[PDB]
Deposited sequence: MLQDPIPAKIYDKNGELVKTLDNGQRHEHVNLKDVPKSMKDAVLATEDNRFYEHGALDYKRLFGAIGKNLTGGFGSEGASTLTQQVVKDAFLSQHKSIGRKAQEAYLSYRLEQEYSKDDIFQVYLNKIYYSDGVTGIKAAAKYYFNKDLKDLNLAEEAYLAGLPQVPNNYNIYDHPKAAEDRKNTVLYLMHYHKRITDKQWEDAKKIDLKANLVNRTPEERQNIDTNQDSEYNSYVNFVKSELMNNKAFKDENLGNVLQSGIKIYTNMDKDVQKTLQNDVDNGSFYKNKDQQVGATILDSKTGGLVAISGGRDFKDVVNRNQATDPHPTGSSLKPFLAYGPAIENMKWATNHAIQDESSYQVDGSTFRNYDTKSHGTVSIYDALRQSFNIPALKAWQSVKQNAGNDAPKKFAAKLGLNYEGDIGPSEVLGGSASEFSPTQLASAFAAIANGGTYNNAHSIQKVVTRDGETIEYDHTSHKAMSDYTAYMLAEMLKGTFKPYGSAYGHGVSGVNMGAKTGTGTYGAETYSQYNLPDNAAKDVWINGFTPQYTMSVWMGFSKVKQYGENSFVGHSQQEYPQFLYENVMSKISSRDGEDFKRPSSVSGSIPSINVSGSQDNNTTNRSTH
């Protein structure tokens, strides 16, 4: 029975409580229009006054009672406890009592329970003065409230409304005429005008709540149910959220000055590097839960973010390369019937992969990816990446290596992948919920996916190389935090070659920009893009200067929240040497250089 859900941070403190979900107006059964009740019955349980608790004719050659119960407490036979409670309920209360409870407690979407409020909401009408088509729709809505809500699926909502009208005619609850009359009414006519904002009506938690709501139904114990039905059963949700970090991340996102215009978007995820627990998340600026796409959990092109996982990572793992392993760079380069060049269009000659990664050269990463493909097998890259949650439906071409094509993942996904590097090479699928405590007192334990993604040396060597990103000439030089030990990998994702012309985009125009940083404590992943590609690059990142934006967000937040205790990534006894010249013990590298970049 009705009671809002409560969300608790990492300290057990109450952080948020989901209200706004009470547009409910109580109605007495005498005060409900005959035609409204006729509508309900005709569609849900026509012979409700007859059949008693279960409908045995239906069953052989549902029921209002059953609905009321299913709604309240709720895999193979837990349908039988419904049956039994329905029986009991049918023994305690009369048909009028039950019919009334139905009309007062069933969910109508957008946080509406009860036909009385469901009418005042969708149509601003009293039950008395609302029309036939409006009744039919309000009668069919409750079945699957999310798919029938007009505001979201007007086509479905009209089909549902027509089905009810049919049923009503078929059960001869309305004449042949009034049927025909009603299917002429415009349903939308009196439809109260709202935008996604009013439909909902301490915001630093919005993105986190949005995230928890999604993960909550992924557990076996709730997977079947509904949103507006599992959140009203007074459960208590305990999360890994850091109250403080979450506020910081969302404030800095909302009040940051690193937005070129109003079409620019962000997505930020912050995990506990070690555990994988979601410490804070932001889906965008001034993010409204259902109103806005949660950009922290939606996929975007990754640009050069994935190099550690498709090229150098699998290369250090599978053929034990040293960090100063040497690759021959060029100006152009062939892979299939396609040419590839570096972003700066140059060739840097011979380069240590330490630099090749921290400055994100494209050819050397293609070479490396190709070397992993030969010396470890064509599926070696896929396997490595797949350990870190980065899956690929089909083939991994040179494009996905460079972040194009199928290389689309959420900031949350990348944060998880990178946190692996940040903690000895153990992968932890991002997880916000610790446990939920049900109204009575039961404790459901949630768990997440965890498992070795890479061997200790690989993780340490990546962690060490990527520290070089914040060092001079590094793709994120100047944006690292001072006393803090952190490595990072930036991503810059270009546009399709055709779209450069269609929109007259300048040469240095980028569509997605990422930074993925990690300390021993936190891993943080930031993506930024624009909602619509405009002409001349107005909605693109143009030049290092503009593509550098997410690094301001990263630096700001990582500086406020990171602790200066001087912790570092733990060095395995399996690595020998020091940056930029780290190798795998007892397996030094045939091919190396002491050659620097600039």
Item to complete: No C-alpha coordinates anywhere in a stretch? Then put that deposited-sequence range on the list, in order along the chain.
Response: 1-3, 65-79, 93-96, 224-228
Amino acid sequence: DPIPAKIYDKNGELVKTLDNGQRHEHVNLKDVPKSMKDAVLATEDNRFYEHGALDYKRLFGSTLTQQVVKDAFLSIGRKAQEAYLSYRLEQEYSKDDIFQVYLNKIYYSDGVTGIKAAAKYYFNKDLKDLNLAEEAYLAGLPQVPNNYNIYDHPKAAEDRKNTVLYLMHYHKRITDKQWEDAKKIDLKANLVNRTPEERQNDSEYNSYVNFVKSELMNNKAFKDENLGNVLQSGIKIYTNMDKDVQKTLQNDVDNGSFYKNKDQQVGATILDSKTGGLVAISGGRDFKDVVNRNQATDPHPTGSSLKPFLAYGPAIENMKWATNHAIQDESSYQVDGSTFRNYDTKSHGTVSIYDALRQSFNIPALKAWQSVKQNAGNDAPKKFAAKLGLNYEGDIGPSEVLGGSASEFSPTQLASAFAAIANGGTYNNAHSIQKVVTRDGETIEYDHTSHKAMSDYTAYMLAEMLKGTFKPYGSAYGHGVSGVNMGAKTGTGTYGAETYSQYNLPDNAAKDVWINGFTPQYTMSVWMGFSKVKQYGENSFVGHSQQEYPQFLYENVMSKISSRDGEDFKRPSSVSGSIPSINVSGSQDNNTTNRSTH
From here on, numbers count along this sequence of modelled residues.
Worksheet item: Hey, which bit's got the bigger mean C-alpha B factor in the entry, 63-71 or 551-559?
Response: 63-71
Worksheet item: Of 36-44 and 563-571, which one has the bigger average CA B-factor?
Response: 563-571
Fill in: Out of 519, 246, 342, 100, residue topping the C-alpha B-factor column of the entry
342
Worksheet, complete the sentence: Based on the PDB entry, the highest CA temperature factor among the options 116, 307, 439, 260 is that of 439
Fill in: Third of the chain, ranked by Cα B-factor, where residue 145 sits
middle
Worksheet entry | residue 498, C-alpha B-factor rank within chain (lowest, middle or highest third) | highest
Fill in: residue 30 CA temperature factor, ranked by third within the chain
middle
Worksheet entry | Ranked against its chain, the third holding the CA B-factor of residue 460 | middle
Fill in: CA B-factor ranking of residue 490, expressed as a third of its chain
middle
